[PDB]
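Below is one structure, written out as structure tokens; comments come after it.
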Ligand code: ICS
Ligand code: CLF
Ligand code: CLF
Ligand SMILES: [Fe+3]
Ligand SMILES: [Fe+3]
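Residue numbers (PDB author numbering), protein chains in the order written: chain C, 4 to 480; chain A, 4 to 480; chain D, 2 to 523; chain B, 2 to 523.
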């Protein structure tokens with residue numbers, strides 16, 4: 004509590020910045036009020052980062068290649084440019100898939116043009132074209148190529164769309180140029196937008212004239228689920244027990260065929276609004292497919308979401324939804340009975356990219372754990388509109404929080420657990436606070452659905468109540 | 004080399020001993036003369052060791068349990084006594100076998116009575132009977148039990164032959180008591196003798212009245228081959244290619260059934276004369292089975308031995324022997340052509356047990372390597388009788404050589420290679436001289452036969468010409 | 002479904018029958034997956050020699066590279082100085098990736114800032130970004146020195162680091178006395194080791210170039226050590242320990258061992274230890290400068306010989322027996338300090354280990370990859386043990402390095418089957434290990450996938466990977482290990498021999514089939 | 002047949018078709034082997050709980066023991082003193098076995114002599130053998146001290162060591178001033194650790210008992226350290242280093258680290274380093290005496306408290322965080338030396354490693370075995386990591402030790418599924434790991450067969466073995482590792498977490514079946 008104390012803390016933390024930086028950062032920190040529904044009057048988001056403040060944000064290339072296009076398994080993605088970006092982003096994201104890597108799936112491989120000085124000075128369009136030739140030569144079972152641009156490509160004026168068009172015409176193949184230069188935008192959000200536009204322009208509408216696929220009144224498409232540690236699978240099976248048919252899965256364990264078949268579905272289930280609201284809205288306008296957001300974090304949210312999805316279909320789907328809820332009730336009830344006493348009253352601070360800082364709150368509350376603060380790397384004001392009603396009063400909200408800011412807020416608030424990325428993990432572990440990676444699930448998972456709830460509770464208990472956190476002080480100190 | 008220098012070296016080494024020890028050790032060191040046939044006039048063997056001189060010799064328990072009875076796979080061998088004996092001898096000898104360990108084979112297992120104070124004071128016959136009952140309960144597929152005595156069993160008034168008799172009569176099982184107490188004799192040779200007597204008394208004659216086994220005029224029995232690294236197998240295949248039938252091999256990869264079937268064979272092929280000449284002679288006396296020695300170390304000895312065994316049979320076997328020699332000629336010729344130039348002129352010194360110090364000389368000579376010194380831990384005078392005509396002039400012969408003695412001889416003669424046991428391996432390695440374990444083949448093998456010759460040559464080359472021996476001196480010192 | 006008493010993670014939860022059925026339904030319905038026989042045929046074709054020739058005909062496509070870009074090495078170099086903040090001029094995605102890479106390797110906090118240049122900077126340059134970033138960084142994180150490197154954006158748009166920093170100082174954004182060394186690190190040139198070299202040359206030039214008048218060679222009785230791009234803390238520790246044992250005064254420039262190995266005692270230390278500015282300033286007074294990894298410290302060598310007037314010895318990386326010996330002789334000759342008995346005893350201990358393990362190490366075939374100095378030192382050590390390096394791969398190596406490695410190989414009979422590849426990637430290595438199968442691979446974590454591919458061909462075709470190098474992501478605390486000196490040689494020898502023994506144990510664990518060779522004693 | 006370019010050892014030479022056929026006809030003709038279905042059924046029966054109930058009813062049969070006899074520990078203790086020859090009164094086969102065991106573990110020369118008592122000594126005793134052996138040993142190997150232990154033959158025939166040594170001295174076989182400490186080591190009492198205790202008590206009594214008049218406690222300002230039966234050189238080194246960093250004067254009694262780790266420089270050193278006789282004589286002047294492994298040093302404790310009048314602290318083995326902290330605090334209190342910052346940093350680094358690996362270590366089930374102090378320290382460390390020891394086996398433990406370990410387990414929530422077995426062998430452990438499968442085994446090389454057995458039941462039933470303890474025969478140079486202190490804790494933690502990660506990588510390597518969890522980053 005003590006909203007005034009939180010405001011004083013914000014002021015004290017901000018005191019160290021220079022005038023311009025302090026003025027900019029004052030607008031990105033706020034004290035939550037659930038009655039307020041217009042976050043623009045409360046916080047600002049999706050703005051440029053202050054130079055030299057150790058931000059956690061990424062680039063548009065990370066949002067396009069690493070997030071949207073990367074999980075697509077039957078496609079070959081070329082990191083057009085120098086060698087660093089593909090190497091740093093290679094297999095760093097646990098978007099699970101099923102396939103023979105190197106033969107029919109290529110997610111964990113690094114394809115790059117490996118730009119040198121000659122490619123910078125004289126261009127790389129010829130290199131790109133003959134690279135596409137080598138790609139078709141060595142990987143005959145690929146079902147398409149995407150070309151993700153890096154910073155020099157935008158800087159040196161390489162004309163990649165023309166090359167993609169010509170080579171795709173000559174090989175009768177889908178070649179998708181994506182202009183995801185890292186300097187575009189302020190974070191991965193513009194990467195998401197550019198990737199969505201590329202999907203719309205070059206992939207989505209290829210089967211508009213094809214009326215062969217058989218359709219059923221129960222066709223749904225899972226949008227924005229990237230199968231981290233398997234989450235999408237743990238969701239899909241539930242949708243399979245409700246009587247629905249999941250035609251498409253974007254983009255984790257996703258195939259270009261699923262993307263092509265998506266316009267034939269009857270409903271879109273958007274998990275990550277932030278990354279794929281653009282494509283969902285475009286599908287709504289062009290094909291008339293309705294879409295809804297859903298949440299499978301914790302028993303309460305997953306039950307509510309399943310009922311909401313069942314409401315958009317006939318009575319048989321509703322009966323099957325009630326059956327699946329009844330079938331899965333004892334499992335999560337037992338999980339709660341085992342783990343809630345071990346976690347009652349523990350306070351959490353979160354800092355994740357654009358969806359999870361609000362989607363995971365229900366799961367924490369299902370174990371009797373309250374979130375005293377959240378924030379986003381790159382979310383927009385609509386995301387804050389959504390999360391401000393999901394937190395308690397006088398809770399901290401931060402947008403593009405810096406390392407010093409986040410460290411000071413933790414030193415004052417002193418939560419029992421922190422969920423953020425790898426770049427805060429060891430910082431906060433060395434300060435004696437349990438930490439969980441909320442991007443990669445700390446190499447565990449899935450956390451979605453009834454099956455994921457058990458893993459989530461077990462991980463939270465094993466980290467919160469670990470003996471290691473009681474041994475940071477030497478007995479002689 | 005330089006006979007008088009070798010005698011001077013012997014004297015100089017002997018000077019350090021007290022008068023009794025020096026007088027005793029003078030009789031165990033000799034300068035070899037190939038013309039001399041009676042080794043009794045030059046060297047004295049099979050005598051008690053001098054106290055406190057760091058001998059390499061073992062005990063009778065090692066010679067019986069570790070050497071003769073141990074390789075028998077379908078039998079359970081109980082080390083009757085304290086716990087150390089079996090633990091130190093468990094799986095230390097590489098007598099290879101094929102079987103399901105713990106179910107139908109028990110070679111690498113350690114069965115013991117684990118004597119305590121109460122067993123020493125009040126005896127252990129009741130514990131022995133109970134242990135036999137437990138063995139039958141827990142290992143129903145065992146095909147017999149042997150009881151190898153340790154030192155306290157002989158010391159205290161334990162009466163194990165009676166217990167074995169009663170328990171075998173009750174259980175309808177073969178229980179063989181072996182009095183292999185370590186204080187009996189001076190080395191493992193008496194252990195060999197006691198084990199041979201046990202085999203003769205309790206196992207060999209059980210099928211004397213049974214005449215259901217079909218006999219062939221090409222029935223041979225391998226005697227004294229313990230399948231070190233598969234050695235016996237590498238021999239048996241050759242004997243199979245000559246047209247002979249090997250009913251039994253003693254005792255590596257041996258079964259009690261083979262031991263029982265041995266009195267039905269037409270010829271005995273004794274590899275290790277030292278360990279099982281007793282049983283070979285007993286079989287010759289009682290059943291009329293002729294026996295002969297053979298040597299499969301190196302191409303020359305192997306060819307000569309195969310021709311001798313073929314001569315013991317009819318014309319067809321001789322023809323098949325000629326075919327096998329012709330078939331294996333190119334392989335060992337290629338081995339020689341590849342490895343002899345890298346080993347020409349290298350001088351070696353050997354110190355092994357009863358057979359190998361002389362049995363491996365032919366293989367070294369086949370690679371152009373001269374044995375300048377040899378000796379035995381526990382051989383008799385007949386082994387030395389063979390050794391003198393096996394070795395060259397002015398080469399050193401030692402019996403039960405001590406650590407100081409062997410070190411001094413090595414420092415003077417300075418051989419290119421030394422072959423002995425594990426207890427000298429590191430001693431000679433630190434002095435900068437290549438060393439090969441001639442007991443376990445340095446965890447390699449087989450060395451028997453044409454297949455084993457390639458492994459022998461490769462091992463000798465890889466150890467003799469290793470770069471590690473050129474780096475023992477620091478450039479600054 | 003989940004059992005509350007035994008909760009399953011992704012593995013083995015997704016092998017349950019319902020999950021398998023749902024996955025098969027998805028694949029059969031909406032994937033249009035190629036038939037399995039086609040997939041197997043294509044994989045088998047990729048395992049052949051014709052595919053290897055087609056793969057080696059590549060000139061434009063790089064698949065699975067084994068190198069990073071210059072600013073990564075620049076950041077690693079900058080982290081080695083006292084209270085020094087690495088500052089990468091350009092985009093922030095690069096800094097996020099650098100921090101993620103170093104965090105996943107070291108499992109330690111990694112501090113680095115950027116000025117977050119955007120399209121506006123692409124049109125009008127990034128001078129304002131540099132000024133604001135320097136001011137904000139100094140005000141917030143309070144570093145004693147800011148070490149500036151560059152991303153490719155700034156290099157392509159040609160941002161002038163000197164002019165930007167000078168104007169920032171003159172306009173009062175940072176104090177004029179504040180040290181701000183800079184270095185240009187174009188990612189389209191060389192690799193991360195080149196970035197380390199450029200950053201070190203920039204820092205040394207900043208701290209030395211204008212103060213050469215009062216410098217006398219050999220005045221402070223010390224020897225300068227330049228480690229280069231090093232990701233093993235044990236190597237810094239072993240070099241320091243060996244120089245302290247010999248009684249030689251030394252100044253280890255760019256020492257990051259403390260900031261990458263901070264304790265967990267309840268407080269977060271952003272800065273810890275590191276080379277001081279006084280050490281940098283007094284470096285020209287040393288007797289001589291020794292470069293531990295000379296094959297990526299050419300610019301530093303040029304600057305040291307040209308400016309400091311130091312006769313830098315021609316020494317290889319102190320890896321193995323002979324090269325460590327040569328390094329010790331050279332340091333003793335420069336310093337006049339004799340080699341003590343402790344180092345002789347350690348060397349004899351290493352030789353004893355070699356003599357113990359020679360029977361298992363002899364004749365083994367290895368395909369190894371990594372950085373040039375590391376690769377050549379590993380090849381030398383493998384030749385010392387009687388091993389046979391077969392596929393030597395260095396993606397960021399050059400022709401002179403290839404000629405040096407060829408000269409090393411031609412000096413040993415164990416190098417007759419050795420071929421050195423430069424400019425090749427891990428797909429080339431996959432083809433090589435499929436066509437000319439070695440016993441083991443040596444390299445970073447990226448090789449694990451290659452092993453997986455081999456295991457798909459068959460158990461008899463599997464090539465086990467030994468994780469030595471950078472980066473190691475799938476194992477914990479291997480970064481604490483040592484690769485230099487006798488201690489490093491002992492660690493490598495133990496790891497190699499135990500890998501061989503573990504593979505032999507695995508191959509002979511089959512009961513009644515291959516367990517006749519499952520020996521207790523090896 | 003053999004190929005000259007690729008020569009095959011036993012494996013895989015005996016997998017050739019001709020060898021397989023020859024084995025086939027041998028087995029079918031002359032082995033009278035049980036039918037295969039019978040063998041599989043009997044094996045499956047041995048994997049059941051009923052077989053376990055029958056197995057735990059054993060009273061007279063010991064199968065696969067995990068202990069040795071007293072003279073082995075006596076020899077190890079004797080090897081720790083300066084130029085001291087171990088001399089075992091009895092038969093020579095025992096000495097051959099002791100030397101073979103120690104050479105196979107340490108891969109180093111091991112020196113020990115015997116008087117080669119034979120049948121005659123069973124009716125006359127070993128007086129003449131003792132005299133001649135002492136004379137010959139002193140004349141030949143020239144030691145300053147001969148430490149006499151006994152075999153079971155001498156114990157059963159009741160040879161009087163004191164009378165024999167006194168008569169040998171009186172009759173001029175050895176000089177009267179030549180130190181010949183002795184100890185009775187009956188093999189039918191206790192185990193090798195008891196022999197170590199007896200030998201150390203004998204040596205200390207010989208060097209102290211008659212010269213306690215002029216001894217004042219605390220006069221030399223040193224702390225005596227008694228390590229006990231120890232087979233890791235790293236622990237001797239780490240205790241020395243930790244006490245030297247603290248600035249604490251110490252006297253390590255029975256130090257064998259030099260003679261078991263001699264260099265290979267062209268000469269054979271029979272003796273190297275070791276505790277000196279002056280150190281033994283001045284030990285009563287120490288402030289206090291600390292026993293590193295108190296659970297097998299009871300007789301030494303009785304002698305030290307009774308004669309030296311030292312208040313020996315109640316300290317557990319310095320394994321793991323809490324017990325190492327307790328040992329350091331006790332040493333600080335005894336010596337008055339504060340704990341330096343280096344040890345605090347090392348402790349914080351160990352805690353950082355724990356926090357890094359806790360996610361992978363948590364909940365793991367281990368079946369461990371070894372010596373009492375080692376087992377209890379390992380259990381304590383596993384409880385510190387959140388691991389779950391399930392099968393705790395100590396063949397040579399006693400009821401008091403079991404009660405102490407039970408009290409330790411009851412003090413942690415992770416010990417709820419823990420059972421302590423004393424007097425049991427490795428066959429009991431095989432039954433336990435078949436009926437209640439843990440994640441891993443921890444123990445010596447003898448456990449490898451158990452793993453093989455489990456692999457015969459199925460890959461899902463296989464229990465990987467982690468080699469910590471004594472003896473380790475199937476691996477090279479593991480005896481150089483460290484188990485005590487923060488360094489030993491770090492080594493153990495790295496080994497455990499990397500074993501877990503290696504097993505996870507192996508389980509998820511199959512392509513298109515389980516590779517979805519074959520993560521690059523763990
Ligand atoms: S049995 Fe004998 S000591 Fe003939 S006790 Fe010994 S496996 Fe030796 S020289 Mo070890 S008489 Fe066999 C022997 Fe030779 S154990 Fe082996 S190598 S051919
Ligand atoms: S913001 Fe993003 S990650 Fe940065 S470059 Fe741009 S697309 Fe890429 Fe790439 S090679 Fe290295 S890491 Fe950069 S300096 Fe260039
Ligand atoms: S000479 Fe031979 S090995 Fe020696 S005891 Fe006697 S039979 Fe056996 Fe056994 S338990 Fe230990 S090792 Fe001995 S002291 Fe007794
Ligand atoms: Fe860490
Ligand atoms: Fe050694």
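Don't be surprised by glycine CBs; every beta carbon is placed ideally from N, CA and C.
Inset, instruction - Quick one: residues in its chain with C-beta nearer than 7 Å to the C-beta of residue 39 of chain C, no 5 flanking neighbours on either side, listed in chain order? - result: Walking along the first chain from the start, residue 39 of chain C turns up at place 36. The beta carbon of residue 39 of chain C is closer than 7 Å to those of 45 and 391 in its chain, skipping five residues each way along the sequence.
Inset, instruction - Please name the residue in B:520, B:326 and B:216 whose C-alpha comes closest to that of residue 453 of chain D. - result: Indexing the third chain from 1 puts residue 453 of chain D at position 452. The residue with the shortest Cα to Cα distance from residue 453 of chain D is B:520.
Legend entry - Beta-carbon neighbours of residue 109 of chain D, restricted to chain C and to distances below 8 Å: Numbered from its first residue, the third chain carries residue 109 of chain D at position 108. 429, listed in chain order.
Inset, instruction - Check the DSSP bridge columns for residue 344 of chain C and list the partner residues they point to. - result: Translated into the one-based positions of the first chain, residue 344 of chain C becomes position 341. None, per the DSSP bridge assignment.
Inset, instruction - Output, in chain order, the set of chain B residues within a Cβ distance shorter than 7 Å of residue 13 of chain C. - result: As a working note, residue 13 of chain C is residue 10 in the first chain. Contact note: residue 13 of chain C does not reach chain B at a C-beta cutoff of 7 Å; the least C-beta distance is about 29 Å.
Legend entry - Same chain, Cβ closer than 7 Å to residue 207 of chain D, neighbours up to 5 away in sequence not counted: In the third chain, the residue the question calls residue 207 of chain D occupies position 206. Close CB contacts of residue 207 of chain D within its chain, under the 7 Å cut and outside five residues either way in sequence, are with 180 and 182 (chain order).
Legend entry - Limits of the unbroken beta strand (DSSP E) element including residue 295 of chain A: Taking the second chain and counting its residues from 1, one reaches residue 295 of chain A at position 292. Counting along the chain, the unbroken beta strand (DSSP E) around residue 295 of chain A starts and ends at 294-296.
Inset, instruction - Verify the CB distance criterion: does residue 372 of chain A have a CB-CB separation below 8 Å to chain B? - result: Sequence index remark: in the second chain, residue 372 of chain A carries index 369 (1-based). Under the Cβ criterion of 8 Å, residue 372 of chain A is not counted among the residues facing chain B.
Inset, instruction - Drop a sphere of 10 angstroms on the beta-carbon of residue 11 of chain C, count the other beta-carbons inside from all chains shown, and report buried for 16 or more, exposed for fewer. - result: In the first chain, residue 11 of chain C corresponds to position 8, counting from 1. Exposed, because fewer than 16 other Cβ atoms sit within 10 Å of the Cβ of residue 11 of chain C.
Legend entry - Cα-Cα separation, residue 233 of chain A to residue 264 of chain A: Translated into positions along the second chain, residue 233 of chain A becomes position 230. Translated into positions along the second chain, residue 264 of chain A becomes position 261. Roughly 22 Å separates the two Cα atoms.
Inset, instruction - Can you say whether residue 324 of chain B is buried or exposed, counting buried as having 16 or more other CB atoms within 10 angstroms of its CB? - result: One-based indexing of the fourth chain puts residue 324 of chain B at position 323. Residue 324 of chain B comes out buried.
Legend entry - Test item, CB below 5 Å from any non-hydrogen atom of ligand 1: Neighbourhood of ligand 1, defined by CB distance below 5 Å to any of its heavy atoms: A:70, A:191, A:229, A:275, A:277, A:278, A:355, A:356, A:357, A:358, A:359 and A:442, in chain order.
Legend entry - Host beta strand (DSSP E) of residue 378 of chain C (start-end): Within the first chain, residue 378 of chain C is the residue found at index 375, counting from 1. Counting along the chain, the beta strand (DSSP E) containing residue 378 of chain C begins and ends at 373-379.
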